[PDB]
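Quick setup: one chain, the form solved without 2-methoxy-5-nitro-phenol, written in structure tokens, and binding and motion questions come after.
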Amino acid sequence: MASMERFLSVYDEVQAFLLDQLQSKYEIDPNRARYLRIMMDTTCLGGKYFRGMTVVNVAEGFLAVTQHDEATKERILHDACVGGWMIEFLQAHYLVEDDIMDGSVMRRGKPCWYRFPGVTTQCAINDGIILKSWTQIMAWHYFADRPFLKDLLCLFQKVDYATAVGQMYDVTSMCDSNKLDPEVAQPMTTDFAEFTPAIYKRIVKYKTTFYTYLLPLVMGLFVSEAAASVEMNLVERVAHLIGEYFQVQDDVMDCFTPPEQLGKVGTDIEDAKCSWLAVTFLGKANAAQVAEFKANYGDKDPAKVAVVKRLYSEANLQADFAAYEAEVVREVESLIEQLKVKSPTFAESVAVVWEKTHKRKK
């Protein structure tokens, strides 16, 4: 659409500013410049731009109802795009490191960045680090004189930290808590006692929901100078609820959506993740099903993986997904209605974000 081509045009400006800076200030050679250019394209582009386009949507909502000079309108949209790219690049940073940590093979229908032959884990770790640093270069350069600069940096820091904390909860979600010990190699849980909805909710709240929904929605408010015009407690509740749903969808897709469609190859069963499928299965299985799950979960062996998928299909988790979805539809609509008391415009943005999320097939 544009909107999205216009958003991508701002990516072009940001890439040129970043790479011209590397040549002019960081003594970079043209071949390392080209490597960082392809790195940025491979890691930042080719997705749906949900996060970045969410900040644009929120900004456009307020521009429709607020009086501004034309030049001001132009500035607000451009700030929305740059703010949207900071999040897309923060996401890029997490996905590069996540793919290494998850042992994944494909991202956005291409090899994970670390699996590019001329990349490898060694470089990719540091390239993911660079992606996050570029987010701060963008912010300091583009928003230097903006009133919202300090609030934005502080919120960005907290979202980032929550995400890294969340990634720790995730990567250790298959170990017994009482057995974590840097000194002792971590064995997988045999009881699965920590595969509960509460624990699942905590992992997901931190690892995903701050950056996929909370940050973009509040960033759209910041660039609009409209933050004080919403109830922040409601923004957070609805972010965390739509975020959790987004991650539940991701978990279902990891197992059940063909890689040609999804653009990734699922690893949750083999990595022994505390996914929504595993928790929900365990929430309804009889003693024999639990037993068979335990004998097959968290192994690379394709025959073992197939048994778990069979257990999932037989357990009729599509009923559970339907009942979970219907509950979230209830809760999201209820939050949108509460948002409209102070912010009809922001509520409608949340409605659109919800609608796009709910219908994605990724």
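Note that residue numbering follows the sequence shown and begins at 1.
Absent from the display: the form solved in complex with 2-methoxy-5-nitro-phenol. The rest refers to it.
Determine whether any heavy atom of residue 83 comes within 4.5 Å of a heavy atom of 2-methoxy-5-nitro-phenol in the deposited complex, and answer yes or no. Residue-level check for residue 83: no, no contact with 2-methoxy-5-nitro-phenol.
Please run the contact check for residue 134 against 2-methoxy-5-nitro-phenol in the deposited complex: heavy atoms, 4.5 angstroms, yes or no? No - in the deposited complex, heavy atoms of residue 134 and 2-methoxy-5-nitro-phenol never come within 4.5 Å of each other.
Spell out, yes or no, whether the shortest heavy atom distance between residue 143 and 2-methoxy-5-nitro-phenol in the deposited complex is within 4.5 Å. It does not: once 2-methoxy-5-nitro-phenol is placed as it appears in the deposited complex, residue 143 has no heavy atom within 4.5 Å of it.
Residues from 32 to 55 in contact with 2-methoxy-5-nitro-phenol (non-hydrogen atom within 4.5 Å) in the deposited complex: Heavy-atom contacts within 4.5 Å come from 50, 51, 54.
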